[PDB]
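What follows is a set of notes on a single structure, which appears directly below.
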Ligand SMILES: Nc1ncnc2c1ncn2[C@@H]1O[C@H](COP(=O)(O)OP(=O)(O)OP(=O)(O)O)[C@@H](O)[C@H]1O
Ligand SMILES: Nc1ncnc2c1ncn2[C@@H]1O[C@H](COP(=O)(O)OP(=O)(O)OP(=O)(O)O)[C@@H](O)[C@H]1O
Ligand SMILES: Nc1ncnc2c1ncn2[C@@H]1O[C@H](COP(=O)(O)OP(=O)(O)OP(=O)(O)O)[C@@H](O)[C@H]1O
Ligand SMILES: [Mg+2]
Ligand SMILES: [Mg+2]
Ligand SMILES: [Mg+2]
């Protein structure tokens, strides 16, 4: 149980107590497992990567059989039991077939063996919050799988939510709740500063700039840069992988005068507005433009509207009185079908779904003023 | 075949007389002639005897609340008719039978009826076609057939045709079919008739004393108390024959050969159970504060349906009044989930915390009765 | 004008040409 | 005289069907006798699936099961309706020169007024082999359906009362 | 509710008589010509975006977030399904990838989406080189991919109708495809219809954290219509020209209602059908040699309805006629000269339009419009010299300084001569066209030499350009050469009432006056 | 090291006893005696009975059934004239699944399952009708009986009682369920054919001294002769199912000095007022033995060799882990922007008395702070929108069950949790801390 904590901590700075608690509960394979473990924390806290590396190191170092799942893949229980039995019952090949949860219990019951090998089983179910929306017998069986299979196993569950959300009318078995608290700013600086050798080697692989780089790129430069980075970015988000992926690109912009705070603090506020967008003038037909701005004028939540009020405001702003042809209602239907409109209900009630800037752009490219009618 | 015992069953002579009464009182030992069902036995016998001798066919609908001896009288009349038919005192007849709760599907009766005829197993479409060819075509010498049909109402729902087929086969002259239908609800064909009244105090005492015979293992007032406290509930005879076996097991453990009246009172208190107050007394103190605050929220707000939020606010008020601290809402929802698993309260799934609705399943005066006294 | 009266008057002017 | 004029239209309707266009009639009154006369006098030998869209109790399962079981003899259609249209599209790709006309009185009927059944009907009218005639609203037809429904509108305004419809 | 009349179904409705008529043969030929030309133009338009998409998939293949490339296509999806089909054709030809196309109809739930995705990938690889859809698990897709291509094809997943998806179903689909990355190389091309803001607004944090999308832009639908109108329907080599009312009505349907090229093609197809289905007299309308064979083929009803067309009437009125109006065989002998007259008139119409479109669309303010289609509809609807806008154009052209004026006429000269060499020269009956047009162009060139060597002569050059190109080679449709009705299709009323649909107007006129229809 | 191995043996022993050990129980003389006499009379005399264990979840009902079976099976009369059919309401979700499990476990002629569900039902009823007093007694054990009441028509239940009502094979049906009113869930035919005897299994430790005594018996090391008798009984039940794993106590053999020091430390720790206060908190919360076994498992899990002894501070630390609110620990992990958004939601809720809000009202109430905050001045609306969706995916905000920016919402928190987060939060800027006060 000591080797797993000795192996994970170099991969994982500042997660000493959580790795220690998991290595106390499901570290050694000879000791019996708790019936279910539910560790939780915010996004980016490191529970997917932690349980994956933890299950890999215990399953490689010892006799345990590991099974990692994503419950979003399991739109029905057959898929889940098939992946669970493909991992927990190795080398059965394509002759494996599971109908329902009972056959899964029998085929896991066949796997019991002698105590001298100290075998164990482990089932991690990432994104466990989706389990309450499916067959409703999946979660109660998964909380007592150790009791039903008579087998040395533990059922890890992983979600962003407390276990208070998971109770149902039939009740649930006991669980070991466990918390992964999100890092404060000092520990976040220590993890972001942990890849100094990586960014130093990366800049060294890409010539007076290389030697003038290697004379001055040391830890205090990167730590002060990460301090300026968390001086501005820690207020908006604490999700650590997003901070890593942004800090590498922002350092690639920051390094140029060296190759100081104002020249980088310009672009940093531009990147904060475009955080989480990950990218590496809507032309319309004429009568579709008039129907879209007539729906915007009728609604300015935006109000729901009947089609007869919509045709009346369109005829009031047309000043031409076109006939009600098929193409007009086809444009209404395809503005609905493109999510330019919506179906708030359904006498039918439409709901406009655009901003003011696009309406003013449409009214500039048409020549019908909008603010006069607003 | 079913596996036989490795050991011989224990002999009758080693049994105590009270054990002999316990086995005579078992509900599986149907008497050869049913007490207190003479008019209905004579009615079904005269009807079935006229339909058998006339070789014409027909239908009958018997009805009554469960356990009033419907199926036992019908099987007793048909067993006596088969013995009379074996001695050539009656015209011979074939007896098909089905049961509606033994059928996975209402249409599977077509699989079963043919299984009582030829013995071949076929799909229900081919079986329905062969049954129509058997019934609608006149083929002398056709014998009259009696089709007992238990539990008609499961065949009635959602398929429609099966109950229409079972009531439509007698009307053709070519099918000498006499179908008898046992059911619980009286008004079932709309939703030749006969109604089985619930057994009364006197018929229900007479039944148990007939099962006992001349034996003195039961006192005469014990059966009277059983009948008085069962006939006010249902009129079921199986309930009386179960209460009597429990009273026999109580006297057996009291080492008395007579079932004195306090054993009947103890058996009645155990069978007509009301053990919610014992559950409230064995609940934990925080669950008791929750159960008090739910009734407090019902009396305060007027509406019987209480939200978790106002219940938790009254919980904090009563906990401040009682001087104990309360758990935070992430454990109070677990307490509400335990009471919902115990069905002391009705509650929604916990995903909509603070806005889930909590009906009080137990009566409001039961909580004060459990926790005061 | 109708095509028929034009064709008839043209055929008459045609035989008269 | 108007019905004779609509009856005189008939050979032109046969030519328009060869180019993949579908016929639509949008008059006020009942148009059932006109589509029945075109089936009686002209389509007396071509395969024809009359569909009464004014039926209270029809399902999209009933019409797709009718095509897949009676015309193609494929048995009951698969439970996903779009898979049933995919299977119909495959099995009609298997048989060139075996056209299936379908003549839907009231395309706007009681169980086809949802957008899903109209997408199913557009995917069915999309097949090169099969052709659609229909009686009549265009609010449920978006531009993708109106392109897949390669309609040729025809103003058949009878004054007949709505008895059966 | 339904009745079956099955007649021999197992597991071209017209007979031989109609197909053997000349009009069906010539109609099928002209329709096949126009359809193959539109397909060739669309492939030459798409090839650049095709190369960019294939370069993105192969570059992802050379090397977790799934790489993904949004393709910002137009409002109307079905035109671009052929484009996606060409993408599948290229990815199969290069052995770089295999494609599943996830339509929105297949994904009511996450289960149906996964089943159609795995089924489309497995059967797509089966068709490059039938298990049930119930057992097409993603684990079986993984085992099949390990069984095959690990010894790498990308698994492209087109989603052509991105807005029609349910949002939760789309987010679940993105999370399932992102979970299998690394093991299964996925590229997720999309088909957004609105803007990238709709994608960023319907996708929250957790789905967009695992997306590395790149935006590509398909060309605009009006740009595609302008390219199609300039290179196909206005091509000299096709003898069937639309009238200006029909042209303006179809372009009005495209620009003012829906951006579907296919609806414009279907309206032009209905126009071509109503032109060609009146008889073999409309089967006269093609290339000159087969047309002479048709004249040797002709019967008599075609002669009577070629007498019946309105433009024949001025031709007889300006006149021997006995042998024209009733002798039939003299009109059959006469027909090739008149047909040569019409084809020569439309070729001169195209070259004069090229000259005038350069000379007027280079001008500021442009009273007559820029593109060839706008000038084309204006000169066919009515006479161009009598318009006030042409007078304003002549005023602004005599108002010009000499240098920009000589540069504009020299550009028009080089443009019209390059058009005569590159486009008019391959066509048969084209040598007579350059023989008619070129001396007038040489006279205009001598006027250019006169205005270079010399203000008033600029007015003489403008007068010569007006009276030698606009006046004689750009006449109004009433002044068109006779039996141009064989070549134009001016009847827009019936095509409009048969294409445009107004059920409410028909119900309104049926509920006000039945006498308008029934004639009671 | 020998002291390290004795601690490893103690930790392995306590974990295996708290988690497995499915047969031994404490308390319940009368109820276990009733179940044993009922099953013994069914196996011998052939009476067809029915019984319904009831009680709160976490009380030992499955452990009671396993104890009665472990007492009856080595008799070789119950083990030879009676076949046992376990059934579970969680696994046999449909009538055909329960029927195939019955057909397999009874080793019927059509098991070997072949045939249809209807052929299986006909074959099961024919094998039961074919018997009499000479046939082997079946004992059905229908765990989670209330979900079996949820099946269509309750049709399987109607068979399993009716054979008990008929002169056929001597079967016994031990329904086991947590609901206290399952007999009111039954259909009227099933309710008439049910025998209404009902064994209740309420815990016997409502008074606190019994709870401390149970925690002491759960923690004390038994004398080695009791371990030998337990090993003899487990070998006897394995000489004849869960029985292959179980406790198996013959592997452990503690030295007398080790048992004496551990029992002394256990009684001394339970004499202290602090450990009594922690057990007082857990006994006030939930009295069920599964809760105490969960707490004891978290406590036994901490015995590292460097710190062998249980101490009162360890019980106070694990009890603080139990007693702590979990939403406050998630609110402490948020960044300052989402916390400002939650304070704005709290102000809008305090003013309008839990009226439903919107992204727009909350963004406006936040912008009125951000224009004068002099530290939040530069934040764009898109960052606030991503913070709002991050609050929404954490189920801190729930929909009222439409645009993403205009959906109606309800706060999931009490005000006291936000006010306690205002004190517990790390490195809060003072402007936010002062705006929160008013
Ligand atoms: N303490 C840490 N040290 C180093 N890296 C970390 C740490 N915590 C998280 N990460 C990084 O976060 C990345 C992904 O985090 P992960 O996906 O496990 O979060 P999650 O809780 O699963 O998110 P979600 O709940 O939204 O699925 C990993 O690549 C990992 O490197
Ligand atoms: N009059 C009676 N005399 C003796 N025993 C009786 C009498 N009535 C009922 N019983 C006993 O009670 C049982 C009742 O079974 P029966 O089949 O008559 O009930 P039922 O009315 O058919 O019930 P259900 O309507 O629910 O099917 C019988 O086994 C019988 O032993
Ligand atoms: N009377 C008892 N004697 C011994 N152990 C008990 C007793 N009551 C509860 N337990 C312990 O409680 C834990 C759960 O008990 P058990 O499995 O019997 O509950 P259960 O009857 O399955 O509840 P449910 O059926 O409602 O899930 C077990 O670890 C067991 O050791
Ligand atoms: Mg995760
Ligand atoms: Mg009965
Ligand atoms: Mg249990």
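In chain B, numbers come from Swiss-Prot; the residues present are 535-725, 738-919, in order.
If you're wondering, the header gives electron microscopy, 4.0 Å.
Just so you know, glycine gets a Cβ as well, placed from its N, Cα and C.
Swiss-Prot names B:564, B:598, B:599, B:600, B:601, B:602, B:603, B:604, B:605, B:606, B:718, B:784 as ATP ligands; from the candidate set B:685, B:752, B:816, the record adds B:685 to that same site.
Applying an under-8 Å Cβ distance to chain F, the binding-site residues B:601, B:603, B:605, B:684, B:784 reduce to B:601, B:784. DSSP classifies residue B:684 (Mg(2+) binding site) as strand under the three-state reduction. Within 10 Å of the Cβ of residue B:684 (Mg(2+) binding site) there are 20 other Cβ atoms, across all protein chains.
Using a 10 Å Cα-Cα cut-off from residue B:684 (Mg(2+) binding site), the binding-site residues that qualify among B:564, B:599, B:601, B:603, B:605, B:784 are B:605. Across the unmodelled stretch of 12 residues from residue B:725 to residue B:738, the Cα-to-Cα distance comes to 17 Å. Of all the Cβ atoms in the protein chains shown, 23 others lie within 10 Å of the Cβ of residue B:603 (ATP binding site). Neighbour density around each Cβ, counted as other Cβ atoms within 10 Å, peaks among the binding-site residues B:564, B:601, B:605, B:685, B:784 at B:601. Under the DSSP three-state reduction, residue B:599 (ATP binding site) is assigned to coil, being neither helix nor strand. Counting only same-chain residues at least 6 apart in sequence, those with a Cβ under 8 Å from the Cβ of residue B:599 (ATP binding site) are B:718, B:742, B:744, B:780, B:781, B:782.
In the three-state DSSP reading, residue B:784 (ATP binding site) counts as helix. Residues B:684, taken from the binding-site residues B:599, B:684, B:784, are distinguished by a CB atom under 6 angstroms from ligand 5. Filtering B:599, B:603, B:605, B:685 by Cβ distance to ligand 2 (under 6 A) retains the following binding-site residues: B:603, B:605.
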